[PDB]
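So this block is input-v4.txt, compact mmCIF, N, CA, C and O atoms:
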# COMPACT_ATOMS: atom_id res chain seq x y z
N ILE O 244 97.17 148.36 106.41
CA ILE O 244 96.38 147.26 106.96
C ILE O 244 96.18 146.17 105.92
O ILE O 244 96.23 144.98 106.24
N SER O 245 95.97 146.55 104.65
CA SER O 245 95.86 145.54 103.61
C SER O 245 97.17 144.80 103.40
O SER O 245 97.19 143.58 103.21
N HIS O 246 98.30 145.53 103.45
CA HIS O 246 99.59 144.86 103.34
C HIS O 246 99.81 143.88 104.49
O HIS O 246 100.28 142.75 104.28
N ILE O 247 99.47 144.29 105.71
CA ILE O 247 99.65 143.44 106.87
C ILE O 247 98.77 142.20 106.77
O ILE O 247 99.20 141.09 107.11
N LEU O 248 97.53 142.36 106.31
CA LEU O 248 96.65 141.20 106.21
C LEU O 248 97.10 140.25 105.11
O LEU O 248 97.01 139.02 105.26
N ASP O 249 97.61 140.78 103.99
CA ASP O 249 98.19 139.91 102.98
C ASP O 249 99.37 139.13 103.55
O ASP O 249 99.51 137.92 103.31
N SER O 250 100.23 139.80 104.32
CA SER O 250 101.37 139.11 104.92
C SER O 250 100.92 138.04 105.90
O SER O 250 101.49 136.94 105.92
N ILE O 251 99.90 138.33 106.71
CA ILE O 251 99.41 137.34 107.67
C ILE O 251 98.87 136.12 106.94
O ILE O 251 99.17 134.97 107.30
N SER O 252 98.06 136.34 105.90
CA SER O 252 97.49 135.22 105.17
C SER O 252 98.57 134.38 104.51
O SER O 252 98.52 133.14 104.56
N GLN O 253 99.56 135.02 103.89
CA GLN O 253 100.61 134.26 103.22
C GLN O 253 101.49 133.52 104.21
O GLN O 253 101.91 132.39 103.94
N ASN O 254 101.77 134.12 105.37
CA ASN O 254 102.52 133.42 106.40
C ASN O 254 101.77 132.20 106.89
O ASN O 254 102.36 131.13 107.10
N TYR O 255 100.46 132.33 107.10
CA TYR O 255 99.67 131.19 107.55
C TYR O 255 99.65 130.08 106.50
O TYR O 255 99.78 128.90 106.83
N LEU O 256 99.51 130.45 105.23
CA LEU O 256 99.53 129.45 104.16
C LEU O 256 100.86 128.72 104.11
O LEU O 256 100.91 127.48 104.03
N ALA O 257 101.97 129.47 104.17
CA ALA O 257 103.29 128.85 104.12
C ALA O 257 103.52 127.96 105.32
O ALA O 257 104.07 126.86 105.19
N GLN O 258 103.12 128.41 106.51
CA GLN O 258 103.29 127.58 107.70
C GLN O 258 102.48 126.30 107.59
O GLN O 258 102.96 125.23 107.98
N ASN O 259 101.26 126.38 107.08
CA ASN O 259 100.44 125.18 106.95
C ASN O 259 101.06 124.18 105.99
O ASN O 259 101.15 122.98 106.28
N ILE O 260 101.52 124.66 104.82
CA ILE O 260 102.10 123.72 103.87
C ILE O 260 103.43 123.17 104.39
O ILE O 260 103.79 122.03 104.09
N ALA O 261 104.18 123.96 105.17
CA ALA O 261 105.42 123.46 105.74
C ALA O 261 105.16 122.39 106.79
O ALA O 261 105.86 121.37 106.84
N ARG O 262 104.15 122.60 107.65
CA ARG O 262 103.86 121.60 108.68
C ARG O 262 103.25 120.34 108.07
O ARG O 262 103.49 119.24 108.58
N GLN O 263 102.53 120.46 106.96
CA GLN O 263 101.93 119.23 106.44
C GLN O 263 102.98 118.23 105.90
O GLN O 263 102.60 117.23 105.28
N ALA O 264 104.28 118.49 106.10
CA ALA O 264 105.33 117.55 105.73
C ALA O 264 106.37 117.38 106.83
O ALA O 264 107.48 116.92 106.55
N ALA O 265 106.06 117.77 108.07
CA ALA O 265 107.07 117.81 109.13
C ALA O 265 107.58 116.42 109.49
O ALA O 265 108.79 116.23 109.69
N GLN O 266 106.67 115.45 109.62
CA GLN O 266 107.09 114.10 109.98
C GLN O 266 108.03 113.52 108.93
O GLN O 266 109.09 112.97 109.26
N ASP O 267 107.65 113.65 107.66
CA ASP O 267 108.50 113.15 106.58
C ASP O 267 109.81 113.91 106.50
O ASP O 267 110.85 113.31 106.20
N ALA O 268 109.80 115.22 106.78
CA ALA O 268 111.03 115.99 106.76
C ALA O 268 111.99 115.54 107.85
O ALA O 268 113.19 115.40 107.60
N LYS O 269 111.48 115.30 109.06
CA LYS O 269 112.35 114.81 110.13
C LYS O 269 112.85 113.40 109.83
O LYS O 269 114.02 113.08 110.11
N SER O 270 112.00 112.55 109.26
CA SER O 270 112.44 111.22 108.88
C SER O 270 113.55 111.29 107.83
O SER O 270 114.54 110.55 107.92
N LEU O 271 113.41 112.17 106.85
CA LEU O 271 114.44 112.34 105.83
C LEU O 271 115.73 112.89 106.44
O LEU O 271 116.83 112.49 106.05
N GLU O 272 115.61 113.82 107.39
CA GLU O 272 116.79 114.36 108.05
C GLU O 272 117.55 113.27 108.79
O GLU O 272 118.78 113.16 108.69
N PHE O 273 116.82 112.43 109.54
CA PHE O 273 117.49 111.35 110.26
C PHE O 273 118.04 110.30 109.30
O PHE O 273 119.08 109.69 109.58
N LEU O 274 117.37 110.06 108.17
CA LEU O 274 117.91 109.14 107.18
C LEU O 274 119.21 109.67 106.59
O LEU O 274 120.16 108.90 106.38
N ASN O 275 119.27 110.97 106.31
CA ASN O 275 120.52 111.58 105.85
C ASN O 275 121.61 111.45 106.90
O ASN O 275 122.76 111.16 106.58
N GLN O 276 121.25 111.67 108.17
CA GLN O 276 122.21 111.49 109.25
C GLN O 276 122.58 110.02 109.47
O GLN O 276 123.58 109.75 110.15
N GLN O 277 121.81 109.09 108.92
CA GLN O 277 122.00 107.66 109.16
C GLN O 277 122.65 106.94 107.99
O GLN O 277 122.96 105.75 108.11
N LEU O 278 122.87 107.62 106.87
CA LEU O 278 123.43 106.96 105.69
C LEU O 278 124.88 106.57 105.95
O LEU O 278 125.70 107.44 106.29
N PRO O 279 125.25 105.29 105.81
CA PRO O 279 126.62 104.80 106.01
C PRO O 279 127.60 105.40 105.00
O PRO O 279 127.71 104.86 103.90
N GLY O 384 124.25 93.19 102.24
CA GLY O 384 124.64 94.41 102.92
C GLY O 384 124.30 95.66 102.13
O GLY O 384 123.69 96.59 102.66
N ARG O 385 124.68 95.68 100.85
CA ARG O 385 124.40 96.84 100.01
C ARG O 385 122.94 96.91 99.60
O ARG O 385 122.48 97.98 99.19
N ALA O 386 122.20 95.81 99.70
CA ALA O 386 120.76 95.85 99.45
C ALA O 386 120.06 96.76 100.45
O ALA O 386 119.11 97.48 100.10
N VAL O 387 120.51 96.75 101.70
CA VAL O 387 119.97 97.66 102.70
C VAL O 387 120.26 99.11 102.30
O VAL O 387 119.42 99.99 102.47
N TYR O 388 121.46 99.37 101.77
CA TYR O 388 121.79 100.71 101.32
C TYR O 388 120.90 101.15 100.16
O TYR O 388 120.45 102.30 100.10
N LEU I 389 117.59 89.75 105.66
CA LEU I 389 117.53 91.07 105.03
C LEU I 389 116.21 91.76 105.32
O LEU I 389 116.17 92.99 105.52
N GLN I 390 115.11 91.01 105.33
CA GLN I 390 113.81 91.59 105.68
C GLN I 390 113.82 92.13 107.10
O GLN I 390 113.32 93.23 107.36
N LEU I 391 114.40 91.38 108.04
CA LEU I 391 114.51 91.85 109.41
C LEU I 391 115.43 93.05 109.53
O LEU I 391 115.17 93.94 110.34
N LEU I 392 116.50 93.10 108.74
CA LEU I 392 117.37 94.28 108.74
C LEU I 392 116.62 95.51 108.25
O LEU I 392 116.75 96.60 108.83
N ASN I 393 115.83 95.36 107.18
CA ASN I 393 115.04 96.48 106.68
C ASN I 393 114.01 96.93 107.71
O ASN I 393 113.80 98.13 107.92
N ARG I 394 113.35 95.97 108.37
CA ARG I 394 112.39 96.30 109.41
C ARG I 394 113.07 97.02 110.58
O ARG I 394 112.51 97.96 111.14
N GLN I 395 114.27 96.57 110.95
CA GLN I 395 115.01 97.22 112.02
C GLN I 395 115.40 98.64 111.64
O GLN I 395 115.35 99.55 112.48
N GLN I 396 115.80 98.86 110.39
CA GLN I 396 116.11 100.22 109.94
C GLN I 396 114.87 101.11 109.98
O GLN I 396 114.94 102.27 110.41
N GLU I 397 113.72 100.58 109.53
CA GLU I 397 112.49 101.36 109.59
C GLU I 397 112.11 101.68 111.03
O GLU I 397 111.66 102.79 111.33
N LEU I 398 112.30 100.72 111.94
CA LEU I 398 112.03 100.97 113.35
C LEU I 398 112.99 101.99 113.93
O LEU I 398 112.59 102.79 114.79
N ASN I 399 114.25 101.99 113.50
CA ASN I 399 115.19 103.02 113.92
C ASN I 399 114.71 104.40 113.47
O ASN I 399 114.74 105.36 114.25
N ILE I 400 114.26 104.51 112.22
CA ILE I 400 113.76 105.78 111.71
C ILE I 400 112.57 106.25 112.54
O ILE I 400 112.49 107.40 112.97
N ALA I 401 111.62 105.34 112.78
CA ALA I 401 110.41 105.69 113.52
C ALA I 401 110.73 106.07 114.96
O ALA I 401 110.14 107.01 115.51
N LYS I 402 111.65 105.34 115.59
CA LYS I 402 112.03 105.64 116.97
C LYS I 402 112.72 106.99 117.07
O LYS I 402 112.48 107.75 118.02
N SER I 403 113.59 107.32 116.10
CA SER I 403 114.32 108.58 116.18
C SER I 403 113.42 109.77 115.88
O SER I 403 113.48 110.79 116.57
N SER I 404 112.59 109.67 114.84
CA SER I 404 111.70 110.78 114.49
C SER I 404 110.72 111.05 115.63
O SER I 404 110.77 112.11 116.26
N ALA I 405 109.84 110.08 115.89
CA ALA I 405 109.01 110.04 117.10
C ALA I 405 108.24 111.33 117.35
O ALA I 405 107.93 111.64 118.51
N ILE I 406 107.92 112.11 116.31
CA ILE I 406 107.11 113.30 116.52
C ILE I 406 105.76 112.89 117.09
O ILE I 406 104.96 112.23 116.42
N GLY I 407 105.50 113.29 118.33
CA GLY I 407 104.27 112.91 118.98
C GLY I 407 103.10 113.79 118.59
O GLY I 407 103.23 114.76 117.85
N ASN I 408 101.93 113.42 119.10
CA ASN I 408 100.73 114.21 118.86
C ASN I 408 100.62 115.38 119.83
O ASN I 408 99.54 115.66 120.36
N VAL I 409 101.73 116.10 120.01
CA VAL I 409 101.82 117.25 120.91
C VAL I 409 102.83 118.22 120.31
O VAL I 409 103.94 117.82 119.95
N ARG I 410 102.47 119.49 120.23
CA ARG I 410 103.30 120.50 119.60
C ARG I 410 103.25 121.79 120.40
O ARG I 410 102.18 122.20 120.86
N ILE I 411 104.40 122.43 120.55
CA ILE I 411 104.52 123.68 121.27
C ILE I 411 104.42 124.80 120.25
O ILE I 411 105.38 125.09 119.53
N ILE I 412 103.26 125.45 120.18
CA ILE I 412 103.08 126.55 119.24
C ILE I 412 103.70 127.82 119.79
O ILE I 412 104.53 128.46 119.13
N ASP I 413 103.33 128.21 121.01
CA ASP I 413 103.87 129.41 121.63
C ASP I 413 104.60 129.04 122.91
O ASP I 413 103.98 128.53 123.85
N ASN I 414 105.91 129.29 122.94
CA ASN I 414 106.65 129.22 124.18
C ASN I 414 106.27 130.41 125.06
O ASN I 414 105.78 131.43 124.59
N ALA I 415 106.50 130.25 126.36
CA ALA I 415 105.97 131.20 127.33
C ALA I 415 106.68 132.54 127.25
O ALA I 415 107.91 132.61 127.16
N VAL I 416 105.89 133.62 127.26
CA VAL I 416 106.39 134.97 127.46
C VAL I 416 105.50 135.65 128.49
O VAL I 416 104.31 135.34 128.61
N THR I 417 106.08 136.59 129.23
CA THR I 417 105.43 137.19 130.39
C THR I 417 104.77 138.51 129.99
O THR I 417 105.41 139.36 129.35
N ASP I 418 103.51 138.68 130.36
CA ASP I 418 102.82 139.93 130.10
C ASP I 418 103.39 141.00 131.02
O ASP I 418 103.30 140.86 132.25
N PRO I 419 103.99 142.07 130.49
CA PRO I 419 104.67 143.04 131.37
C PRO I 419 103.75 143.80 132.31
O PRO I 419 104.24 144.37 133.29
N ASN I 420 102.44 143.83 132.05
CA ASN I 420 101.51 144.50 132.94
C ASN I 420 101.01 143.51 133.99
O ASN I 420 100.44 142.48 133.62
N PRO I 421 101.20 143.78 135.28
CA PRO I 421 100.73 142.84 136.30
C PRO I 421 99.23 142.64 136.23
O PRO I 421 98.47 143.56 135.93
N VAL I 422 98.80 141.41 136.51
CA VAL I 422 97.37 141.11 136.52
C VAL I 422 96.74 141.39 137.88
O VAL I 422 95.50 141.49 137.97
N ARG I 423 97.54 141.51 138.94
CA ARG I 423 97.07 141.87 140.26
C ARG I 423 98.16 142.69 140.93
O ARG I 423 99.35 142.39 140.73
N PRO I 424 97.81 143.71 141.72
CA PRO I 424 96.45 144.14 142.04
C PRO I 424 95.82 145.00 140.95
O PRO I 424 96.53 145.73 140.26
N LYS I 425 94.50 144.92 140.81
CA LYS I 425 93.77 145.73 139.85
C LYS I 425 93.40 147.04 140.55
O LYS I 425 92.44 147.09 141.32
N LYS I 426 94.18 148.09 140.29
CA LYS I 426 94.09 149.30 141.09
C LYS I 426 92.73 149.99 140.94
O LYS I 426 92.15 150.44 141.94
N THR I 427 92.22 150.09 139.72
CA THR I 427 90.99 150.84 139.50
C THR I 427 89.81 150.20 140.21
O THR I 427 89.02 150.89 140.86
N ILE I 428 89.66 148.88 140.09
CA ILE I 428 88.53 148.24 140.75
C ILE I 428 88.69 148.29 142.26
O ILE I 428 87.69 148.41 142.99
N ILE I 429 89.92 148.24 142.76
CA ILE I 429 90.14 148.35 144.20
C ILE I 429 89.71 149.72 144.70
O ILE I 429 89.01 149.83 145.72
N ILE I 430 90.10 150.78 143.99
CA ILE I 430 89.75 152.12 144.43
C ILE I 430 88.25 152.36 144.31
O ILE I 430 87.63 153.00 145.17
N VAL I 431 87.63 151.85 143.25
CA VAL I 431 86.18 151.98 143.10
C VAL I 431 85.46 151.25 144.22
O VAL I 431 84.48 151.77 144.79
N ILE I 432 85.92 150.05 144.57
CA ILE I 432 85.33 149.31 145.68
C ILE I 432 85.48 150.09 146.97
O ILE I 432 84.55 150.17 147.78
N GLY I 433 86.65 150.69 147.19
CA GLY I 433 86.85 151.48 148.40
C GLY I 433 85.90 152.66 148.48
O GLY I 433 85.29 152.90 149.53
N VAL I 434 85.76 153.40 147.38
CA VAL I 434 84.87 154.56 147.37
C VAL I 434 83.44 154.14 147.64
O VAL I 434 82.74 154.74 148.47
N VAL I 435 82.97 153.09 146.95
CA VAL I 435 81.58 152.68 147.10
C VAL I 435 81.33 152.14 148.51
O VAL I 435 80.28 152.40 149.11
N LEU I 436 82.29 151.40 149.06
CA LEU I 436 82.14 150.89 150.42
C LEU I 436 82.07 152.03 151.42
O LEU I 436 81.25 152.01 152.34
N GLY I 437 82.93 153.04 151.26
CA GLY I 437 82.86 154.20 152.13
C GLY I 437 81.52 154.90 152.05
O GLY I 437 80.94 155.28 153.07

What is this structure when it is put down as structure tokens?
Amino acid sequence: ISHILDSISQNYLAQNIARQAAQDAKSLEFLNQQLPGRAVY
Amino acid sequence: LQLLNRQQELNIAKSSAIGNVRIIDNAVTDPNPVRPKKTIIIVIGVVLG
């Protein structure tokens, strides 16, 4: 039970820190997909 | 060039577009039926009789 609760807490922590960057991560993903006047680049 | 940069930023914002709505749990079906509730039905029958 202690092992399970440690796993639950760490999963929740990791999920929270991962979501607190989701918008920027998707923006970066689309920017990578969008990389091809040169000032814009 | 300023308008080109603004257009690129608008493209990024339009494509990302993560709204203020998130699907945490997709639907799964509880394998135990919620109706009929056999025990309460039988208890009601006994008490009514």

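Atom pair atom CA of residue O:272 / atom CA of residue O:254 has a distance of 23.9 Å (rounded to one decimal).
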
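Of the listed residues (I:390, I:423, I:395, I:401), I:401 comes nearest to residue O:270; the distances count only C-alpha atoms.
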
Stretch 268-277 of chain O: axis-aligned bounding box, 8 Å on each side, centre and edge lengths in Å, one decimal, as lines of an AutoDock Vina configuration file:
center_x = 116.7
center_y = 110.9
center_z = 108.0
size_x = 29.8
size_y = 26.2
size_z = 20.4

DSSP helix (DSSP H, G or I) residues within chain I, listed as JSON, numbers by chain: {"I": [390, 391, 392, 393, 394, 395, 396, 397, 398, 399, 400, 401, 402, 403, 404, 426, 427, 428, 429, 430, 431, 432, 433, 434, 435, 436]}

Distance query 12 Å from (103.9, 117.5, 117.6) using only C-alpha atoms, result as number ranges by chain: O: 262-266, 269; I: 404-412

Atomic distance atom CA of residue O:251 - atom CA of residue O:267, expressed in Å with one decimal: 25.9 Å

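Across the structure, atom O of residue O:278 and atom O of residue I:396 are spaced 12.6 Å apart.
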
Residues of chain I within 7 Å of chain O, only N, CA, C and O atoms counted, as a VMD selection string: chain I and resid 389 392 to 393 400 403 to 404 406

Just write stretch 261-274 of chain O with N, CA, C and O atoms, as a compact mmCIF listing (two decimals), in the first residue's frame, taken from the block above.
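Just written: decode_34.txt:
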# COMPACT_ATOMS: atom_id res chain seq x y z
N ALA O 261 3.78 17.97 -16.42
CA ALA O 261 3.67 17.81 -17.86
C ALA O 261 2.57 18.68 -18.45
O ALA O 261 2.75 19.29 -19.51
N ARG O 262 1.41 18.74 -17.78
CA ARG O 262 0.32 19.56 -18.29
C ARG O 262 0.63 21.04 -18.16
O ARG O 262 0.21 21.84 -19.01
N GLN O 263 1.41 21.44 -17.16
CA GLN O 263 1.64 22.88 -17.05
C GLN O 263 2.50 23.45 -18.21
O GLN O 263 2.91 24.61 -18.15
N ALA O 264 2.78 22.65 -19.24
CA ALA O 264 3.48 23.13 -20.43
C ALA O 264 2.82 22.64 -21.72
O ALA O 264 3.47 22.66 -22.77
N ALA O 265 1.56 22.19 -21.67
CA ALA O 265 0.95 21.55 -22.83
C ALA O 265 0.74 22.52 -23.99
O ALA O 265 0.99 22.16 -25.15
N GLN O 266 0.27 23.73 -23.70
CA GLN O 266 0.04 24.71 -24.76
C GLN O 266 1.34 25.04 -25.49
O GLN O 266 1.40 25.03 -26.72
N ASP O 267 2.40 25.31 -24.72
CA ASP O 267 3.69 25.61 -25.32
C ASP O 267 4.26 24.41 -26.06
O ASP O 267 4.90 24.57 -27.11
N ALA O 268 4.04 23.20 -25.55
CA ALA O 268 4.52 22.00 -26.23
C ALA O 268 3.84 21.81 -27.58
O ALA O 268 4.49 21.49 -28.57
N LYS O 269 2.52 22.01 -27.63
CA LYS O 269 1.82 21.89 -28.90
C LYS O 269 2.24 23.00 -29.87
O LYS O 269 2.38 22.76 -31.07
N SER O 270 2.43 24.21 -29.35
CA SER O 270 2.91 25.30 -30.20
C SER O 270 4.28 24.98 -30.78
O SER O 270 4.54 25.21 -31.97
N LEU O 271 5.18 24.43 -29.96
CA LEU O 271 6.50 24.04 -30.44
C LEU O 271 6.41 22.91 -31.46
O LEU O 271 7.16 22.90 -32.44
N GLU O 272 5.51 21.95 -31.24
CA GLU O 272 5.34 20.86 -32.19
C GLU O 272 4.88 21.39 -33.55
O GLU O 272 5.42 21.01 -34.59
N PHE O 273 3.90 22.30 -33.54
CA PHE O 273 3.44 22.86 -34.81
C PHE O 273 4.50 23.75 -35.45
O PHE O 273 4.59 23.82 -36.68
N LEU O 274 5.31 24.45 -34.64
CA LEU O 274 6.40 25.24 -35.20
C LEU O 274 7.43 24.34 -35.87
O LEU O 274 7.95 24.68 -36.94
